[PDB]
Amino acid sequence: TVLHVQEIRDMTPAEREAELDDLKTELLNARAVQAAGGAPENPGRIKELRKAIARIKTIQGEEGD
Amino acid sequence: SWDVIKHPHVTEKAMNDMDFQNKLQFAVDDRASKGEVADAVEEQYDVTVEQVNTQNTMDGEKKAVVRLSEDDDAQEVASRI
Amino acid sequence: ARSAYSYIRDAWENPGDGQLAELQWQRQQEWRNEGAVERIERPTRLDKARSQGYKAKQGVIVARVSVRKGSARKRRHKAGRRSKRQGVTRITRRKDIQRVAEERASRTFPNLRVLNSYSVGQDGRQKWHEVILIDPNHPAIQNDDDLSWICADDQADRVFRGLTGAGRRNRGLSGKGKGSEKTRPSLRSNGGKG
Amino acid sequence: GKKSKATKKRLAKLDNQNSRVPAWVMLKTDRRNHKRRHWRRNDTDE
Amino acid sequence: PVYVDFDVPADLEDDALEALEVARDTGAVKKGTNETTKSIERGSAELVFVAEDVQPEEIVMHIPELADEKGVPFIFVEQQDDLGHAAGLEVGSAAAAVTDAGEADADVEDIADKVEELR
RNA sequence: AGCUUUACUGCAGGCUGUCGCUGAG
RNA sequence: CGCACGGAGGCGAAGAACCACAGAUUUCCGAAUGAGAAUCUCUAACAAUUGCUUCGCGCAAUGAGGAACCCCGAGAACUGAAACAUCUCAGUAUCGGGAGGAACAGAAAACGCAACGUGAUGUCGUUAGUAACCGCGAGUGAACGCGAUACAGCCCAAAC
Ligand SMILES: [Cl-]
Ligand SMILES: [Cl-]
Ligand SMILES: [K+]
Ligand SMILES: [Mg+2]
Ligand SMILES: [Mg+2]
Ligand SMILES: [Mg+2]
Ligand SMILES: [Mg+2]
Ligand SMILES: [Mg+2]
Ligand SMILES: [Mg+2]
Ligand SMILES: [Mg+2]
Ligand SMILES: [Mg+2]
Ligand SMILES: [Mg+2]
Ligand code: NA
Ligand code: NA
Ligand code: NA
Ligand code: NA
Ligand code: NA
Ligand code: NA
Ligand code: NA
Ligand code: NA
Ligand code: NA
Ligand code: NA
Ligand code: NA
Ligand code: NA
Ligand SMILES: [Sr+2]
Ligand SMILES: [Sr+2]
Ligand SMILES: [Sr+2]
Ligand SMILES: [Sr+2]
Ligand SMILES: [Sr+2]
């Protein structure tokens with residue numbers, strides 16, 4: 001949703017990696033909040049974070065990195 | 001590629017280790033060694049790991065009890081997540 | 001004029017006379033000390049090999065195989081059998097020894113395919129045959145107008161399905177007329193009565 | 001007995017499979033865990 | 001070996017091969033056991049060479065007796081690849097025949113005579 | 001069906017002759 | 001936002017869902033191939049067998065699967081004969097090996113309605129329960145030809 005494909009293809013190879021690490025962290029922090037039973041969740045993002053990471057990785061493969 | 005750290009293991013027993021022994025507990029990939037758990041943790045939270053104890057749980061996952069150096073404070077590290 | 005080959009051929013019409021006799025009596029001493037399947041660099045019977053498809057080319061292989069002489073090595077029945085089916089001694093296999101040799105050779109070279117084979121004699125207890133095998137994957141053969149046919153997929157494991165020359169004869173397919181009622185087009189399609 | 005790491009993973013799964021059909025699935029499907037195994041009355045593999 | 005009934009001295013074999021080399025450059029020579037066999041049968045052979053390291057021996061066994069019933073003289077060469085090199089080949093040769101020498105007929109003739117004597 | 005034997009008929013196995021391997025005087 | 005009609009929340013006019021084609025990812029065991037192991041582990045790997053070979057795993061091949069069909073091998077007994085041994089069940093059941101999308105067969109050392117005739121090979125119909133076999137018992141059992149289907153004829157060895 002928030003992160004579209006164009007935006008990913010416009011990023012530089014180094015920007016996708018940085019973006020990847022950023023996303024992985026939001027994901028890890030969400031799963032941590034979830035582990036603590038924390039409900040300030042918003043179920044859509046934890047699900048969106050996974051797809052975003054999948055997209056970035058797909059593009060990195062497509063673009064040759 | 002699989003990541004080392006899955007998520008913080010937060011249970012009453014985990015808290016005691018945090019308050020009383022400056023230890024953090026994690027659910028980690030069962031293919032990870034104590035050394036890999038140590039590094040990954042230092043890099044993710046920027047702290048110094050003194051010792052790592054592991055266990056293959058009856059949940060199919062691996063649990064790691066990571067003690068931090070006196071320089072760091074478990075409660076604080078855990079509090080930011 | 002006579003080709004040189006005709007001389008090798010003529011010598012083998014009588015492997016027990018002349019120089020050939022002395023040769024065999026010598027060779028077999030070495031052969032008996034060799035294994036079951038020995039790859040050899042050159043055919044012992046050049047005329048016969050060339051006549052069967054052999055070529056001094058890459059991808060063409062020759063191997064001599066020894067197989068025991070005699071009837072079936074059969075175990076006696078261990079359950080009830082009517083008299084007719086109690087035999088052991090006089091039972092012989094339906095595949096001739098030359099065909100057994102071709103199969104043992106092909107197993108040794110899993111990637112190759114049997115092109116043909118021929119006899120190179122025998123002593124009191126065993127027989128030797130030289131088998132010609134072809135590498136269906138070598139371009140030297142894939143480009144040969146006389147051999148590339150053996151590269152087709154349906155020619156895979158041809159020896160094990162009786163597509164060999166010794167296979168077709170042993171299957172009673174030599175005759176096109178009388179006598180081949182139950183052999184052609186296959187033993188199996190004819191209810192196994194050939 | 002001594003369980004290997006793999007045997008352990010399997011026992012672990014069997015234990016997890018031994019949970020009940022969540023409350024909401026009942027509502028969602030407008031109305032049974034055909035695989036409820038008891039440690040005593042039943043027997044696992046291996 | 002089964003077709004070899006006399007040993008040719010190294011020196012003799014040396015002369016012979018040398019004569020063969022001047023035969024390909026001057027006169028004519030046949031390379032290969034099949035072409036050599038036809039020379040003997042056609043009579044166009046003056047001197048035929050037979051390697052002693054041929055395996056199988058069947059390939060050449062016939063040369064000796066064939067030559068005898070054709071007056072054609074023959075000599076043995078210890079190695080197969082030497083005969084082929086002399087004949088001018090990059091490969092070996094189990095047998096070769098000097099089909100009408102040339103500025104070597106003198107030597108060839110002697111070699112023939114040196115062999116008949118060697119029995 | 002299991003068992004027996006100088007029941008009927010066969011099949012292994014043992015003994016023995018012969019052919020091949022197998023040659024010189 | 002699957003089966004699946006909940007709750008919360010999210011995605012979609014930046015055209016989502018959904019369908020077609022193509023591509024990415026594709027853990028471990030598995031022919032399972034570095035070695036060992038009840039799906040894990042130990043210290044760079046075409047293990048094993050082969051072909052070629054720059055003789056170095058450098059380039060290649062094989063392995064296993066598939067509903068049955070197909071080809072090559074091994075091959076019963078109950079049963080029928082109102083007993084039973086040959087015969088029969090049956091080259092069946094089952095076993096070993098192997099190919100393909102179909103297999104196999106195939107351009108006459110054929111046929112032999114004997115001819116001044118036919119003209120590769122499968123298969124279908126028929127020839128026929130005929131010829132032939134058989135304690136001449138019970139049973140077993142073709143072919144040539146003909147009418148069809150489809151059609152297609154070639155390459156070596158050797159001589160030179
Ligand atoms: Cl084969
Ligand atoms: Cl006719
Ligand atoms: K019976
Ligand atoms: Mg431990
Ligand atoms: Mg058929
Ligand atoms: Mg529980
Ligand atoms: Mg009884
Ligand atoms: Mg392995
Ligand atoms: Mg009866
Ligand atoms: Mg009767
Ligand atoms: Mg019958
Ligand atoms: Mg007929
Ligand atoms: Na977990
Ligand atoms: Na093979
Ligand atoms: Na028959
Ligand atoms: Na139990
Ligand atoms: Na009984
Ligand atoms: Na996939
Ligand atoms: Na391979
Ligand atoms: Na190699
Ligand atoms: Na009866
Ligand atoms: Na009875
Ligand atoms: Na009968
Ligand atoms: Na007619
Ligand atoms: Sr638990
Ligand atoms: Sr195969
Ligand atoms: Sr019990
Ligand atoms: Sr050579
Ligand atoms: Sr036609």
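Side-chain atoms are counted along with the backbone in the values below, which use heavy atoms only and exclude waters and symmetry mates. Lettering of chains follows the sequences in order, A, B, ..., and the numbering in each one begins at 1.
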For RNA chain F, find the residues of residues 88-120 of chain C with a heavy-atom distance under 4.0 Å and give them by number; none if there aren't any.
C/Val88, C/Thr89
Stem ranges of RNA chain F by first residue number, counting only runs of at least 3 Watson-Crick or G-U pairs under 3.5 Å, come to none
Can I get a per-line list of side-chain donor-acceptor pairs under 3.5 Å for residues 10-23 of chain D, giving both atom names and the distance, sequence neighbours left out?
unit_1	atom_1	unit_2	atom_2	d
D/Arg10	NH1	D/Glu46	OE1	2.8
D/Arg10	NH1	D/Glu46	OE2	3.3
D/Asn18	ND2	D/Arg37	O	3.4
D/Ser19	OG	D/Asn16	O	3.2

Pairs: protein N or O with nucleotides 15-20 of chain F N or O, under 3.5 Å:
unit_1	atom_1	unit_2	atom_2	d
F/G20	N2	C/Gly124	O	3.0

I'd like to check C/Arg73 versus C/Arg68 (side-chain heavy atoms, cut-off strictly below 4.5 Å). Are they in contact?
yes
For A/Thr1, enumerate each residue passing the side chain to side chain contact (heavy atoms under 4.5 Å, CB included) test, keeping only those at least two apart in sequence or located in another chain.
A/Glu48
Taking side chain to side chain contact (heavy atoms under 4.5 Å, CB included) as the test, write out the residues that go with A/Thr12, two or more places apart.
A/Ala14, A/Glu15
Closest nucleotide of RNA chain F for C/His77 versus for C/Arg32: which of these residues is on the 5' side?
C/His77
With north for a positive and south for a negative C1'-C2'-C3'-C4' torsion, G/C136 lands south
Across the strands shown, which category fits C/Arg168 at heavy-atom distances under 4.0 angstrom: base, sugar-phosphate, nothing?
sugar-phosphate
Can you give each donor-acceptor pair under 3.5 Å made by side-chain atoms of residues 154-179 of chain C, sequence neighbours left out, with the distance rounded to 0.1 Å?
unit_1	atom_1	unit_2	atom_2	d
C/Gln155	OE1	C/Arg158	NE	2.6
C/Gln155	OE1	C/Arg158	NH2	3.0
C/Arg158	NH1	C/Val114	O	2.9
C/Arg161	NE	C/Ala156	O	3.4
C/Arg161	NH2	C/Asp154	O	2.7
C/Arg161	NH2	C/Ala156	O	2.9
C/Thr164	OG1	C/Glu102	OE1	3.3
C/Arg168	NH1	C/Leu163	O	3.0
C/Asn170	ND2	C/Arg94	O	3.3
C/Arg171	NE	C/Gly162	O	3.4
C/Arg171	NH2	C/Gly162	O	3.3

Set of ring pair (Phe, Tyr, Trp, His ring centres under 6.0 Å) partners for B/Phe26, sequence neighbours left out:
B/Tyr45
Using a heavy-atom cut-off of 4.0 Å across all strands, would you classify C/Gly192 as base, sugar-phosphate, or nothing?
base
Taking side-chain hydrogen bond (donor to acceptor under 3.5 Å, both in side chains) as the definition, give me every residue that meets it alongside E/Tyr3, ordered by chain and number, with sequence neighbours left out.
none
Positional range of nucleotides in RNA chain G within the contact set of chain A, heavy-atom, under 4.0 Å
G/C1 to G/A14
In numerical order, the residues of residues 47-65 of chain A whose heavy atoms come under 4.0 Å of RNA chain F are none
Where along residues 8-35 of chain D does a heavy atom fall under 4.0 Å from RNA chain F?
none
